[PDB]
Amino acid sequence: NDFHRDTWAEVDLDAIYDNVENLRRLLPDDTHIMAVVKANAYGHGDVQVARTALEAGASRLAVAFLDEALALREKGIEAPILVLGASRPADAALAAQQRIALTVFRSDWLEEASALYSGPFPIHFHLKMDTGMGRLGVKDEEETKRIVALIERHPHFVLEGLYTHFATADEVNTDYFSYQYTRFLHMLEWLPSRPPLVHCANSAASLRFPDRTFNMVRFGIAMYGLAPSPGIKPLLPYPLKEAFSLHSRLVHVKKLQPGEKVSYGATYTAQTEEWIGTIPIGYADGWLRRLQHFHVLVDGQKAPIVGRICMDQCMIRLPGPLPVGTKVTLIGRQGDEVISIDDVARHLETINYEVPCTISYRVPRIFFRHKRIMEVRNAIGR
């Protein structure tokens, strides 16, 4: 794959490897690591992160919906995969054939699938229990038992696991976290037999209470080197290595005279003779307009973005005349300066999770491993 615009994201796979390996060391020998690679691996490249994670110690993968699981299969991933979200009963056969575990939380969904599927491949289900997140999952014992009965009844339906998800595992105060954990323990009693796989922990929970993880944790955000929250940053067991960085290059350089305006709405005016640079990145690439008063790194120095951000380009004020082709870093480090995803997240007034996911399909991903470029992934490549 090759690209023809001087704008690209870089993904350090050694960092991802280190982040997962350190966790493997942290957890008991019998606890499995299921790497969460939904949303194209939080914007980092699904199959590249999946391969690295499995290499570092993970044994299973998790995605959001069926399409994402099939894509990994097509791309050659053979490890077990669990779909964390909902799916259509009519799609049970397809999941069964591709060896994809499904989440289940309604007895009527199973009633429907039973009538549609009848072997020969077994379908592995993971029962979802709502302990206080309010998203997905069973809530009462009557429904739980009904689900287990329908599963037991069908010769090809297998209950491989059961889990829950925490709503506040990343807050310093553990009041609600404790309530959910306790609720989980109480709901587990409703099962006639404990499935081979019981899980509940995400990145925050597993990094904070590794002894309360059962037999499998679902490692997401922390795998990419990002803290589940600023609050627990100081409570993390080992230092996380950030893997994502974003860059571009100056495609135009010019000097403005005082009074000259820049960009849409002509909201910016040159107060004096200043140097303005143009870079090939805009909001269609995920660099949202709201970042208008942010800055970028060029020649090891911060350069403020001036005027409104455009769909594919934006302008910055330069220290002086720099040659066209000069590298600009939007997320990453240059010399002694650095811009982290957390910085950008602060400016956009959101969480770090949302940032890598918004960097669109338009931006190619360059992968590094062993300090060398591994491959280039251009979504709209030829």
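Residue numbers here begin at 1 and follow the sequence given.
- Here 21-29 and 363-371 are compared by their mean Cα B-factor, and 21-29 comes out higher.
- For the pair 139-147 and 98-106, the mean B factor over Cα atoms is greater in 139-147.
- Per the deposited coordinates, the residue with the largest Cα temperature factor out of 248, 87, 202, 215 is 215.
- Highest C-alpha temperature factor among 285, 160, 242, 74 per the entry: 74.
- Compared with the other modelled residues of the chain, the Cα B-factor recorded for residue 227 ranks in the middle third.
- Compared with the other modelled residues of the chain, the Cα B-factor recorded for residue 119 ranks in the highest third.
- Among all modelled residues in this chain, the alpha-carbon of residue 126 has a temperature factor (C-alpha) in the middle third.
- In the PDB entry, a CA B factor belonging to the middle third of its chain's modelled residues is recorded for residue 254.
- Looking at the C-alpha B-factors along this chain, the one for residue 57 belongs to the middle third.
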